[PDB]
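Below is one structure, written out as structure tokens, with a few remarks after it.
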Amino acid sequence: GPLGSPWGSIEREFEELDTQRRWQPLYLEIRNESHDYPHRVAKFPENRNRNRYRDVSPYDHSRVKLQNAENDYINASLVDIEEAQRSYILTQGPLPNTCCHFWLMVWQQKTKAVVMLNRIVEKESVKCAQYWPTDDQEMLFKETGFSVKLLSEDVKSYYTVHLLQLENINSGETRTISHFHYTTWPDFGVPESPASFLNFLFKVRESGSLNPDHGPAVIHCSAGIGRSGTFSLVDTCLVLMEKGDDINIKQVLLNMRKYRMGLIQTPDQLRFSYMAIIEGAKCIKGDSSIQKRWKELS
Ligand SMILES: O=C1CN(c2c(O)cc(-c3cnn4c3CCCC4)cc2F)S(=O)(=O)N1
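See the structure below:
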């Protein structure tokens, strides 16, 4: 193979983009190369109060459908990358009248974890409804037949983990859902450091919630594309590298954009993605004696 390290091709490209100050031109290339696909159901008149933003819609070919409901629509997309054995659902922060649909989808898709990357209020606007209880009262969603109870809360400096009990009233069953809340990632911004984002991702991974024996994890922010796209791109690229593939980050992101529009919203969020993939690749453990020496020396 090549003479460089496993991350050497990506690291050289990052250094060149910095020296030539070409992050804004590269972002514009990606925008111009992203094709549009039909999103007709999202624009039905009966779905207008189910969309948070008029310009952010799921594509018809990859939207998640609600089962046994008169209206099957929710603003959510299935992003499945079988080269990585990874599947995610990316979705908007639910509105007061769509929290009931959010929990129905979580049940029907056999999801184990919800990853939340926004605050409820940001710059004096509401970005997402309060869809889980903060105290010991049960929170009822009568339109779809679900109730939710807080089981535990662990607060750290830049994220919080809640364990939640989700009850299906119609089937007489319950499940424990892990709720991973990143509390210090600003709208259209970046996390405080690669190290802080990576510690959060490794905690999500350690719970088993991203493994193929569970349904897809539900990832959301406010619109479900900027911060959510950054999180999913970094996780996918790290899986492919651990598998041994020689990856091109521009190509992976354009492929993921075929499943949901507009993933990654600023040039700085793109640059942060490169940084987190390089530093995470140095944390990979494996069997190769060569790869271990590269890690020590780097
Ligand atoms: O970093 C990020 C940025 N996000 C984000 C976004 O991408 C788009 C919009 C959006 C779409 N239409 N309109 C607005 C805002 C105001 C008026 C109209 C809002 C957002 F918070 S995000 O996806 O939540 N993660």
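Each residue of the sequence shown is one higher than the one before, starting from -4 at the first, in the authors' numbering.
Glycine included, C-beta positions come from ideal geometry on N, C-alpha and C.
Mind checking whether the beta-carbon of residue i lies closer than 7 Å to any heavy atom of ligand 1?
| i | result |
| --- | --- |
| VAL51 | yes |
| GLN260 | yes |
| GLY219 | yes |
| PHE9 | no |
| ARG222 | yes |
| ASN44 | no |
| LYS122 | yes |
| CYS216 | yes |
| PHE183 | yes |
| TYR126 | no |
| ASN206 | no |
Indicate the three-state DSSP secondary structure (helix, strand or coil) for residue i in the structure shown.
| i | result |
| --- | --- |
| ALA37 | helix |
| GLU187 | coil |
| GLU117 | strand |
| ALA276 | helix |
| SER82 | strand |
| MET256 | coil |
Would you kindly check if the distance between the Cβ of residue j and the Cβ of residue i is under 8 Å?
| i | j | result |
| --- | --- | --- |
| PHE175 | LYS151 | no |
| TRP98 | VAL59 | no |
| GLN160 | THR178 | no |
| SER147 | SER173 | no |
| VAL110 | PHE226 | yes |
| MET100 | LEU61 | yes |
| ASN63 | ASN46 | no |
| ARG255 | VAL74 | yes |
| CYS232 | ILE214 | no |
- For the segment 39 to 79, which segments carrying the beta strand (DSSP E) assignment without a break, of at least 3 residues, lie completely within its bounds, in sequence order? 71 to 76
- Task: May I have a chain-ordered list of the beta strand (DSSP E) segments no shorter than 3 residues that lie completely inside the segment 122 to 191?
- Result: 134 to 136, 141 to 150, 154 to 163 and 168 to 177
- Item | Whole runs of the alpha helix (DSSP H) within the segment 188 to 272, excluding any shorter than 4 residues | 189 to 201, 222 to 238 and 244 to 251
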